[PDB]
Structures are given as structure tokens and as C-alpha cells.
Amino acid sequence: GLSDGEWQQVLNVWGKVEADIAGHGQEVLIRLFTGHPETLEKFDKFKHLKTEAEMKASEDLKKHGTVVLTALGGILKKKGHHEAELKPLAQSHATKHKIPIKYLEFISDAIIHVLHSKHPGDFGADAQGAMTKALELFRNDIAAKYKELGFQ
Ligand code: HEM
């Protein structure tokens with residue numbers, strides 16, 4: 001649950017992402033894959049990537065980064081009223097991709113890391129607080145659907 005002022009911070013930060021969605025999406029996935037190499041094994045189309053240089057050179061990884069952040073941005077713009085947008089993603093990630101909630105924690109922290117890396121000194125403590133709360137809400141509502149499905 002976020003206040004109006006917190007949502008305003010989230011959507012202000014998101015403007016930074018929308019200026020370069022592919023570059024942000026690429027770096028988020030690279031941070032996930034290099035920090036948590038077990039996550040790469042869930043992607044049949046990226047498991048061939050052995051080095052970060054190959055990851056950086058992969059145009060399909062940048063494409064998928066655009067898909068991921070476009071979906072997340074659509075959810076964030078609903079300011080919590082995201083049941084219709086979130087349900088299909090919860091279902092596909094639990095039942096088809098088999099993504100444990102832990103990996104959603106990993107990618108949430110990766111987003112925070114990338115924002116500081118690309119905007120050092122321009123991602124203030126209030127903005128980090130609000131973005132963190134928004135990603136916690138996203139993860140918590142996914143977790144509720146995971147529990148319904150019995151997925152661990
Ligand atoms: C912010 C969190 C995430 C968002 C918004 C997101 C979004 C998406 C979307 C929109 C798709 C394509 C449609 C679909 O299959 O539902 C997708 C596919 C997929 N996601 Fe995610 N995802 C997220 C996190 C993760 C994480 C953490 C993992 C694994 C560590 C993951 C694994 C996958 C896989 C394996 C696919 C299929 C890729 C393919 O072969 O095309 N997702 N995701």
C-alpha cells in the first residue's frame with residue numbers, strides 16, 4: 001500500500017527508465033544473470049551465454065529486457081490496481097516458466113542496483129523507498145497467486 005506521494009515518486013523514477021527502456025532492461029537482466037547464475041538456467045534462449053561480453057552483445061537479451069520492463073511499467077502505472085495485468089504474469093511464471101518467488105526478489109533488488117548505477121546521485125532516498133515499496137507490492141501480489149496455485 002502506497003500513498004499518492006509515493007506513487008508520484010515511483011512514476012517520476014520510471015520516467016528515467018522510459019527514456020532508455022532497452023538499456024535499462026539489458027542491464028537489469030545482466031545484473032540478475034551475473035549475480036545469480038542459476039537464474040540463467042530458466043531461460044532456454046539465454047543459457048548459451050557464458051560471458052558477460054556475450055550477454056552485452058546479445059540483441060535478443062536487450063529485446064527481452066524491453067518486454068520485461070514494458071510489462072512492469074504497465075503494472076506500475078496502475079498504482080496498485082493491477083489485478084488484471086498481474087494475473088497472467090503470475091500464472092505464466094508459476095506454471096510455465098517455474099520461477100520461484102526468490103528470483104522475483106533477486107530481480108527487484110537488481111532494479112534498485114541498476115537505477116543507482118545509471119543515475120548516481122539522482123536516485124534519492126525517498127525515491128528508493130517508494131520504488132522498493134512498489135516492487136514489494138508487486139512481489140506480494142504475485143506471492144498470493146503462487147500460494148493459490150501451490151507453487152514453490
Ligand atoms: C519484474 C519481473 C518480471 C516481469 C515483469 C516479467 C515479465 C515477463 C514477460 C512479459 C514475459 C513474456 C510473456 C510471458 O511468458 O508471460 C516473460 C517471460 C519469461 N520470464 Fe519473466 N518477468 C519477470 C521476472 C522473471 C524472472 C525473475 C525470471 C527468471 C529468473 C523470469 C523468467 C521468464 C522466462 C524464462 C520467460 C520466457 C522467456 C522466453 O523463452 O521467451 N521472469 N517475463
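Residues take their numbers from the sequence shown, with the count starting at 1. Whatever order the structure lists them in is the order used to number ligands and atoms, beginning at 1.
Protein N/O/S atoms closer than 2.8 Å to atom 21 (Fe) of ligand 1, listed by chain and residue number, are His93 NE2.
Scanning the protein heavy atoms around atom 24 (C) of ligand 1, the nearest turns out to be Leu104 CD2, 3.6 Å. For atom 39 (C) of ligand 1, the closest non-hydrogen atom of the protein is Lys45 CE, 3.7 Å. Atom 38 (C) of ligand 1 has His64 CE1, 3.9 Å as its closest protein atom, hydrogens excluded (heavy atom only).
In this structure, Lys96 has no heavy atom closer than 4.0 Å to ligand 1.
Taking only nitrogen or oxygen atoms, main chain and side chain alike, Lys42 does not reach within less than 3.5 Å of ligand 1.
Within a 6.0 Å sphere centred on CD of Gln8, other residues, nucleotides and ligands contribute 12 heavy atoms or fewer. For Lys63, the NZ atom counts as loosely surrounded, since its 6.0 Å shell holds 12 or fewer non-hydrogen atoms of other residues, nucleotides or ligands.
Between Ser108 and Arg139 there is a side-chain heavy-atom pair separated by less than 4.5 Å. For the pair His36/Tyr103, no side-chain contact is recorded, criterion being any heavy-atom separation below 4.5 Å from C-beta on. Side-chain atoms of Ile75 and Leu89, non-hydrogen and from C-beta on, do get closer than 4.5 Å to each other.
Side-chain atoms of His116 and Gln128 include a donor-acceptor pair closer than 3.5 Å.
Formation of a donor-acceptor pair under 3.5 Å by the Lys78 side chain with backbone atoms of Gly74 is not found in this model.
Looking at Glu38 and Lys102, no side-chain N of the basic residue comes within less than 4.0 Å of a carboxylate O on the acidic one, giving no salt bridge.
Relative orientation of the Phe43 and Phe33 rings is perpendicular, given thresholds of 30° and 60° on the angle between their planes.
The residue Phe106 has no part lying near ligand 1, judged by heavy-atom distances below 4.0 Å.
Put simply, atom 13 (C) of ligand 1 has no protein non-hydrogen atoms near it, under 4.0 Å away.
Selection from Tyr103, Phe138, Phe46, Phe43 by nearest heavy atom to atom 33 (C) of ligand 1 gives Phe43.
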